[PDB]
Each structure stands twice: as C-alpha cells, then as structure tokens.
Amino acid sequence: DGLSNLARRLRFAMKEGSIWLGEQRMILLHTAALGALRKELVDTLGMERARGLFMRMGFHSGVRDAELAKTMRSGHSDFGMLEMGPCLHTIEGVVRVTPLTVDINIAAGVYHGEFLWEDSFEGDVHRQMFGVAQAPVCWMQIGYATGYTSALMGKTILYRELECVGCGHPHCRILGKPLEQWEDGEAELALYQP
C-alpha cells in the first residue's frame, strides 16, 4: 500500500539519462561497486572511520526521503508517515523492512520503534569482502533510519542494530528512540558529525 503509493513517485527519464525519486535525482549503483569502495575505505582509514562516512551518507539519504514524505502527508497518520521511510528504503532495494513495535506521536516527541531487516544489502556486501564481524555492519542503513526519523520527528532520533547478519545472526534488528534514552547516546550522535 505504502509501497504502491510511493513507487509511483519513482520515475525513469531516459531522455535525460536520469532517474527521479520525488524531487531527488537517483542512480542505480552496483552493490559490488559500493562494496569495493567500502573495502578500500576500511582498508585505509580503518573500520571505525569507514563506519562513520557511510552512516552520514545514509543520514542524508534518509533526510531527503523524509522531505519527500512530508509533501505526501495528507490523510496520513503519524505511523503512516513513519511507514513511508521503511517503504522508500525497500523501493530503493536497500533492505526489506518489517515494522515490529512502533510507538510514535510527533507532536508529543514520542518515538520508540523496533524493526526487522531482511536481505540487508550492506550486511551481505560486508560479508563478501570481510566475512563475519564483531560489531553490526549496516552503517549506511542505520544512518538512513536515523536521518529519516529525526527529520520526521524534528528531533534527534538515533538507531542501533541489536542484531546483524554481518555479525552472523539470522537477521538484522534495529531499535530507534530519542537521544536521551540511549545509554551512550552522546557517543552515538558524534558519529553523525564530519
């Protein structure tokens, strides 16, 4: 439903050699190509520095998709507004999202969201070049959620992966909530600065 609706805002304009999602120009990019960039970045700047670059890239994508969802706001509930995010992420072929428990009220600054991630392109791309890892590896995907939800709520909303396919788990699972409700929220917020 949310997919069908938002999918109509994705258009291919070959006569411009361009692709548009709402107001934003998009490119189709091979995950292998992004994966080899990630490898170079990790290999030369280190896992931590690379994680941040990607999280902030994901952050701007999410902010942009939130602007797009903001225009499509009429008739939609707060949850329906939130749902567009997972939907765009899915349309963009990034990940398949299933909302598990979602508590939102934008007026009241209420947000607590848990989501299932399946077929995370990031997790199964890190795998093909690093194998399994200690910490969660879907950095760009997390930044997108963070970006999208913070833009929607008009306040800092951070996300963490509780489990991730690149750690060896069967799925990625994420939790989003306001900066105040994270035990190390200040360290988390830092990663989103250049």
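Note that residue numbering begins at 1 and tracks the sequence as displayed. In this text, the rigid core denotes the largest set of C-alpha atoms whose superposition between the two forms falls within 1.5 Å.
Core superposition of the other structures onto this form places the C-alphas of 9 to 17 farther off in 6 other deposited structures of this protein than those of the other stretch among 171 to 179 and 9 to 17.
Across the two stretches, 124 to 132 and 137 to 145, the PDB entry reports the greater mean Cα temperature factor for 124 to 132. Comparing 35 to 43 with 146 to 154, the higher mean C-alpha B-factor in the PDB entry belongs to 35 to 43.
The residue among 66, 29, 57, 50 whose C-alpha carries the highest B-factor in the deposited model is 50.
Remark: residue 15 belongs to the highest third of its chain, ranked by C-alpha B-factor as recorded. Residue 171: CA B factor lies in the highest third for its chain, per the PDB record.
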